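A.B. asks: this one's structure only:
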Ligand SMILES: [Mg+2]
Ligand SMILES: [Mg+2]
């Protein structure tokens, strides 16, 4: 495998929903065609303070070459820097 | 650049003995992290619940007098509202999945908003969502629209209870607004609540018979008060 | 390394034996897959149509209190709407290819939206599309267009009916909206309908004689209720 980070264009913030999707990264889309697996990230406790998803991030998958797509829930405790499994309800 | 044992001999220039590491392998560490994760996640879920709960309680705009406000801090003095309590208690007990609407009317200083707020507190302890308002605030919301969230909450909420319906004798608009609300609600299989000072007859030319048709569902709960005041006695602890 | 006999001799050891390949050649395989595919496509198409039908149910604005709703759960007490149901059944029957629009009227608590929702469900089962609205929703939509699927739909559905046409006394807007709508509908040889609580003369000054003239085509269907309320019975089943 390979793991290659990237970045996103700020034409998403004005959407007022702020979940990422495939057509949001604008680097020619040259990697959207080359890849096999993608995992965007969203985390509500940045863009809001009072939003009731504190200590949670989520893994928006947007492309799967050999499988389907989905969405996953994980936590974040940024002072010792490790996501953990979310043993709880569904999304 | 340095040996293992000697790296550790560099390490022991920091703390004493009696600090043994206890790991002894890797997969045991993964088990340990999994333990801590399953712990901290559930504790976090608890805290998230308490947050969401408070986000409700600060949103049900109730003014602080009627907050430390329950069935119990209600000094009974005659039967006239002993019946009111016997009805309001069972109203709460019957609220679970019912078209159960109530109205209050009578004289001020008789415990209208007190019982209303007690009800709302108990229903929020059950884990519901409610709201009360002043009719002028609805006016103000419809004006802010002409400068949606609060507008549509008045039909996305389970229960509403309404306050100060008689005043604003600049009428003919109040009626159409309240009609709009209550039709959207009662057609949607949900309750509401009113508060006033007048008899139903006086009330009915303000509020055409259709609205009270939308009120008189199920075992619709009419109540009317006649007590004298209480305000000279109250302190505000 | 390995080859065919060794490969398959590796293969059988994974499983229980007597598992013969059952094909033995190519054209049999292709025929078999064509057969499975033509079997699969049919049930697929069926499911897709069922989806479409659900999307048509959930689009109409029928509220839950008129959802579990039809002709048969409507209780007779006199001739006064025995006539009405003998009209409603035949109306649903005479609807296909027909400029047959209608109005209801009279007292609240009398089964207007009930019959309307019954009609709407029966025409969904006929395979035709419907919609019922509060007029204030059209108001809000015309205001929200500053933010077209809805206004497009309102001039292309087969049927349409309306609710809360009396109130909103701040007129000089309601009349023109509904006139535009009904012109675009009647022009395309399509019906519509209305619901109200007022008299035709009490209606006509709100709604100029032209609009009611556009309602007066085919064998029209006027109704005027006299029945009393129903609310005391209902409990929200
Ligand atoms: Mg009060
Ligand atoms: Mg109606």
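C.D. replies: Looks like it came in fine. Numbers count the residues shown, from 1 in each chain, chains lettered A, B, ... in the order given. Ligands and ions are numbered 1, 2, ... in the order given.

A.B. asks: What ranges does the chain have for its helices?
C.D. replies: If you meant another chain, say so; for now it's chain A. Along chain A, counting by DSSP state H, helices occupy A:44-47.

A.B. asks: that's the wrong chain, I wanted chain B
C.D. replies: Along chain B, counting by DSSP H, helices occupy B:4-11, B:27-57, B:79-94, B:113-125, B:135-144, B:149-156, B:174-186, B:200-206, B:209-215.

A.B. asks: Any idea how many residues pack against the residue lying closest to residue B:229 once chain neighbours are set aside?
C.D. replies: Leaving aside its chain neighbours, residue B:229 sits nearest to residue B:109 (3.0 Å; criterion: CB to CB, 6 or more residues apart in numbering or on different chains). Where C-beta positions appear, they are placed from N, C-alpha and C, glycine not excepted. When counting by other CB atoms under 10 Å in any protein chain shown, one arrives at 15 neighbours for residue B:109.

A.B. asks: Pull the contacting residues for residue B:109.
C.D. replies: B:227, B:228, B:229, B:230, B:231 (CB atoms under 8 Å, 6 or more residues apart in numbering or on different chains).

A.B. asks: Please apply the same query to residue B:136.
C.D. replies: Residue B:136 sits next to B:164, B:168 when contact means CB under 8 Å, 6+ apart.

A.B. asks: mind running it again at 10 Å?
C.D. replies: Contacts for residue B:136 (CB atoms under 10 Å, 6 or more residues apart in numbering or on different chains) come out as B:163, B:164, B:167, B:168, B:174.

A.B. asks: Residue B:33 now?
C.D. replies: By CB under 10 Å, 6+ apart, the contact list for residue B:33 reads A:82, A:84, A:85.

A.B. asks: Return the distance of the closest residue to residue B:123 other than its chain neighbours relative to chain A.
C.D. replies: When the adjacent residues along the chain are set aside, residue B:123 lies closest to residue B:130, with 5.9 Å between them (CB to CB, 6+ apart). From residue B:130 across to chain A, the span is 18 Å (CB to the nearest CB, to the nearest Å).

A.B. asks: My read is that residue B:130 contacts residue B:59, right?
C.D. replies: Yes: using CB atoms under 10 Å, residue B:130 makes contact with residue B:59 at a distance of 9.2 Å.

A.B. asks: Compare those two and say which is more crowded by neighbours.
C.D. replies: Set residue B:130 next to residue B:59 and count neighbours by other CB under 10 Å: residue B:130 wins out with 22 against 14.

A.B. asks: OK, contacts around the more buried one?
C.D. replies: Shown in contact with residue B:130 (CB under 10 Å, 6+ apart): B:56-57, B:59-60, B:62, B:116-117, B:119-121, B:123-124, B:157-161, B:193.

A.B. asks: Sort out which of those residues are buried, if you could.
C.D. replies: Taking 16 or more other CB atoms under 10 Å in any protein chain shown as the criterion, what is buried in the contacts of residue B:130 is B:60, B:62, B:116-117, B:119-121, B:123, B:157, B:159-161, B:193.

A.B. asks: Out of these, flag the one nearest to chain A.
C.D. replies: Nearest to chain A among the buried ones among the contacts of residue B:130 is residue B:60, at 16.0 Å by CB to the nearest CB.

A.B. asks: isn't the closest one right up against residue B:120?
C.D. replies: Yes: shown here, residue B:60 and residue B:120 form a contact pair, counting by CB under 10 Å, at 6.2 Å.

A.B. asks: shared neighbours of the two, anything?
C.D. replies: Common neighbours of residue B:60 and residue B:120, using CB under 10 Å, 6+ apart, are B:67, B:130, B:131, B:132, B:159, B:161.

A.B. asks: The fourth one - how many residues pack around it?
C.D. replies: Okay, so that is residue B:132. Residues lying near residue B:132 (other CB under 10 Å) number 21.

A.B. asks: so it bridges to which residues?
C.D. replies: residue B:161 (DSSP bridges).

A.B. asks: What are the neighbouring residues in contact with it?
C.D. replies: By CB under 10 Å, 6+ apart, the residues touching residue B:132 are B:60-63, B:66, B:113, B:116-117, B:120, B:159-163, B:193, B:195.

A.B. asks: OK, contacts around residue B:215?
C.D. replies: Contacts of residue B:215 (CB under 10 Å, 6+ apart): B:101-103, B:182, B:186, B:191-194, B:207, B:221-222, C:231.

A.B. asks: do residue B:41 as well
C.D. replies: Contact analysis of residue B:41 by CB under 10 Å, 6+ apart lists A:55, A:56, A:73, A:74, A:75, A:84, A:85, A:86, A:87, A:88.

A.B. asks: Spatially, what comes nearest to it if we skip its sequence neighbours?
C.D. replies: Nearest non-adjacent residue to residue B:41, counting by CB to CB, 6+ apart: residue A:87, 5.2 Å away.

A.B. asks: Thought residue B:35 was touching that neighbour, still the case?
C.D. replies: No: contact criterion CB under 10 Å: residue A:87 and residue B:35 do not qualify, at 11.3 Å.

A.B. asks: Which residue does chain B have closest to chain A?
C.D. replies: Using CB to the nearest CB, the single residue of chain B nearest to chain A is residue B:37, 3.6 Å away.

A.B. asks: tally of neighbours for residue 51?
C.D. replies: I'll assume chain A. Counted by other CB under 10 Å, the residues lying close to residue A:51 total 13.

A.B. asks: my question was about chain B
C.D. replies: Residues lying near residue B:51 (other CB under 10 Å) number 15.
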